[PDB]
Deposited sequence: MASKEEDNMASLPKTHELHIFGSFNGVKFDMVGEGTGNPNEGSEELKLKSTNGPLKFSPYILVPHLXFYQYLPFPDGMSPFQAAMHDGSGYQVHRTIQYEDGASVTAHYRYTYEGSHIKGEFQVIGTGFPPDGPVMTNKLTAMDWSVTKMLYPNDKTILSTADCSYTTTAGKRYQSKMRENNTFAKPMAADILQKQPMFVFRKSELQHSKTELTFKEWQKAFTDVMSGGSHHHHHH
């Protein structure tokens, strides 16, 4: 029974029908909601903006303001959760994703499937015009004691100085009920910052996340 210290990821799928596959590993601090990840392609250069991957690059590192997050609680007792995520982009592209995890003590192993379609060949993803993912606020609600619905209006900056917007929605489905200290505090917001460096084949990702019910 542990909170995480290290993780590894196998992420795979396709963009516009062309497969991709990466593997890597990282660390984080589950008291602080910080994480680091290094990935490498197993199949040559990426054929799309690496910034498209940012949401897909570990809420087990997210504490809540007064104790473990439900994500942490489900790792700590092994019962776990699954993530089912949809992203609709303003130019008509769509991404669906499914995150599965296994745990070995303080080590997480993720297997993530990400499928993207409808990215215009001349758009900012396929022509590498994204420059950074804006800071975000996610809203979480708990429609039942095993399900979190999370929503965020997301945006990237681009080289043309126009933002590239999307709507992100997801269910987090838990094998066991969430705790009562969790379920009674709604809505729960989470502020996130991300940083990405990249080459054609390798990515270096960091995330900082903080849960909040109030800013006043």
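- Against the full deposited sequence, the model leaves out several stretches, namely 1-9, 67, 227-236.
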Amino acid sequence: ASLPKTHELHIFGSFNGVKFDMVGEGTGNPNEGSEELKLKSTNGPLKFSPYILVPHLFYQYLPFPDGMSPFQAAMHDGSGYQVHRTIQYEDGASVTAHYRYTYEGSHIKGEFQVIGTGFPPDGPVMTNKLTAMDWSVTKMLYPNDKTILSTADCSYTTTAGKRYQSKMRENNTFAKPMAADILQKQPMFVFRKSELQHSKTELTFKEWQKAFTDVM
From here on, numbers count along this sequence of modelled residues.
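- Annotation for 74-82 versus 110-118: the higher mean temperature factor (C-alpha) is found in 74-82.
- When the mean C-alpha temperature factors of 158-166 and 185-193 are read from the deposited coordinates, 158-166 comes out higher.
- Note on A180, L53, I148, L62: the highest value goes to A180, judged by CA B factor as recorded.
- Compared with the other modelled residues of the chain, the Cα B-factor recorded for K129 ranks in the middle third.
- In the deposited entry, the Cα temperature factor of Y101 sits in the middle third of values across the chain's modelled residues.
- When all modelled residues of the chain are sorted by CA temperature factor, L37 is found within the middle third.
- In the PDB entry, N29 places in the highest third of its chain by CA B-factor.
- Looking at the C-alpha B-factors along this chain, the one for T201 belongs to the highest third.
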